[PDB]
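Quick setup: one chain, the form deposited in one PDB entry, written in structure tokens, and binding and motion questions come after.
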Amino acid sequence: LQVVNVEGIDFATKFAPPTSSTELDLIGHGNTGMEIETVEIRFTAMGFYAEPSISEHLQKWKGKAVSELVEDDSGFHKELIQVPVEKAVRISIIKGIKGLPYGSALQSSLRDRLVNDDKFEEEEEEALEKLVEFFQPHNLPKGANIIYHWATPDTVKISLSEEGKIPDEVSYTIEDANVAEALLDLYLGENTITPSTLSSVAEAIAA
């Protein structure tokens, strides 16, 4: 009731992101990972948080099968992304990596989505460049926590603790509305990099 175990990591069920009074509920949890030549790799453990009023905004999907919600062209993914409530994603690093590869991999994933939506101009390009430059001096060892907090739909407050504590300060803020939406799409869109977290969110909504 106080915590859920996600790939071995304790994720709080209720959580106020750094510098925020608004309390968010754990709506779904999961991982990023893959299989390579038979071995399962886990990159991160993830939890998606939102204000408890989110269920009231997605009433139409209640009672439907999760298959219907997560299927392509259902419309659920964008509806979830657009719901006008505060949201947060927590990422706990499992496979330790350097900040530069992590930020640079974000850059290319968000760029692909922005180009596909005809939304990638010099402003978005510069915003991703500065996002990479935020991450590149950091190390992301096993246990490090990253908090992305959409207090508005058009900004992302980023909090980071390399040592695995829960950060209490905001280290960086994405101020580009298109980048902020593309980052939500990276985790909740049809081409999500964590289909496990999206399916978990979908199950809680349809329950």
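Residues carry their position along the shown sequence, with the first being 1. If you superpose the two forms and keep the largest set of C-alpha atoms that fall within 1.5 Å, you have the rigid core.
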Of 44-52 vs 57-65, the stretch with the larger average CA B-factor in the entry is 57-65
Stretch with higher mean Cα temperature factor, 2-10 vs 196-204, is 2-10
Per the deposited B-factor column, the C-alpha that peaks among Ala151, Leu140, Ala180, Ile36 belongs to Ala151
Sorting the chain's modelled residues by C-alpha B-factor and splitting them into thirds places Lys157 in the middle
For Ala144, the third of its chain by CA B-factor is the middle
In terms of its chain's C-alpha B-factors, the third that includes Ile174 is the lowest
Temperature factor at the Cα of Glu129, chain-ranked in thirds, falls in the lowest
Binned into thirds over the chain's modelled residues, the C-alpha B-factor of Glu123 lands in the middle
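Note that the form deposited in another entry isn't included here; everything after this is about it.
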Mover between the shown form and the other one (rigid core aligned, C-alpha >= 2 Å shift), picked from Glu163, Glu169, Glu56, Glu40, is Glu40
Taking the shown form as reference, the Cα pair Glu68 and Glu35 shifts by 3 Å or more in the other form and sits farther
